[PDB]
Ligand SMILES: Nc1ncnc2c1ncn2[C@H]1C[C@H](O)[C@@H](COP(=O)(O)O)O1
Ligand SMILES: Nc1ncnc2c1ncn2[C@H]1C[C@H](O)[C@@H](COP(=O)(O)O)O1
């Protein structure tokens with residue numbers, strides 16, 4: 631009901647964590663659990679490649695259909711673009727429904 | 631300079647006319663040319679099939695390009711459509727230049 635594709639077997643969950651690295655243990659055995667860990671984090675790269683199937687417009691409609699277009703008028707910032715401070719921004723939500731079909 | 635494709639061998643000219651049909655000649659030979667013809671016209675059907683080759687957009691442009699779109703707002707008549715009296719009309723000229731490329 632928010633939108634999209636209901637799936638019984640959706641793309642799986644990818645889980646990740648940093649393996650614990652203990653700090654120096656005591657020199658006499660104690661069965662208590664370690665609260666002492668080396669503070670660390672990890673970084674890396676992630677790629678996602680999805681293959682989307684398309685359904686083409688077959689319409690016989692004579693007159694021009696609405697399309698999603700960028701405003702031609704000048705502006706301080708360009709839409710869907712970084713600003714002077716490097717911050718990416720999306721000015722408006724874009725739905726997918728423009729082309730028209732008959733019932 | 632008006633536009634389009636300069637051609638040294640452009641599509642040929644297709645010529646058509648109605649073959650003359652004389653009216654009743656005199657019964658005594660006269661070498662004068664006939665000014666007397668049966669008034670007639672012809673109608674028919676004509677088909678033109680042209681095969682146009684296309685050059686696709688390869689652009690890496692991030693932000694959305696301008697497109698030619700129909701106005702969403704309501705109106706008495708729809709653009710590029712017949713009116714109540716059956717008259718087809720084109721409200722505006724449409725150029726071909728929307729998509730953007732670099733120099
Ligand atoms: N989002 C979504 N996911 C899964 N199943 C759905 C969904 N929406 C509807 N349905 C069900 C009920 C439809 O009549 C049928 C169409 O399946 P068809 O493939 O068109 O034969 O599938
Ligand atoms: N409209 C038109 N018709 C015919 N010849 C033209 C036209 N415009 C330019 N030219 C000539 C001059 C260009 O440098 C060359 C490009 O041919 P190319 O095919 O790109 O190698 O062809």
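Chains as they are written, first to last, in PDB author numbering: chain F, 631 to 733; chain A, 631 to 733. Just so it is clear, CB atoms sit at the ideal spot from N, CA and C, and this is done for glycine as well.
Would you be able to state if there are at least three C-beta pairs under 8 Å between the region 688-704 of chain A and the region 681-701 of chain F? Proximity of the region 681-701 of chain F to the region 688-704 of chain A meets the contact definition, three or more beta-carbon pairs being nearer than 8 Å.
Touch test, the region 666-673 of chain A against the region 638-651 of chain A, Cβ-Cβ under 8 Å, three pairs minimum: yes
Residues near residue 722 of chain A in its chain [Cβ-Cβ closer than 8 Å; skip 5 each side]: 709
Does the Cβ-Cβ distance between residue 719 of chain A and residue 726 of chain A come in under 9 Å? Not in contact: residue 719 of chain A and residue 726 of chain A (Cβ atoms no closer than 9 Å).
Less than 9 Å between CB atoms is the rule here; does residue 709 of chain A satisfy it with respect to chain F? yes
To be precise: take each residue of the region 670-686 of chain F, compare its Cβ to all Cβ atoms of chain A, and keep it if any distance is under 9 Å. Which residues remain? Near chain A, meaning a CB-to-CB distance below 9 Å, no residue of the region 670-686 of chain F qualifies.
Within a Cβ cutoff of 8 Å, which residues of the same chain sit near residue 743 of chain F, ignoring the five residues on either side of it in sequence? Limits of chain F in this structure are 631 at one end and 733 at the other, which puts residue 743 of chain F out of reach.
Does any CB atom of chain F fall closer than 9 Å to the CB of residue 693 of chain A? yes
Cutoff 7 Å; reference residue 667 of chain A; Cβ partners in own chain excluding five residues on either side: 650, 651, 652 and 653
Looking at the C-beta of residue 649 of chain A, does it have a partner C-beta in chain F at a distance below 9 Å? no
I'd like to confirm something about residue 710 of chain A: is its beta-carbon nearer than 8 Å to some heavy atom of ligand 2, or not? no
Considering only heavy atoms of ligand 1 and the C-beta of each residue, which residues fall inside 6 Å, strictly closer? F:635 and F:636
Taking Cβ-Cβ distances shorter than 9 Å, what residues in chain A pair up with residue 700 of chain F? 693, 694, 695, 696 and 697
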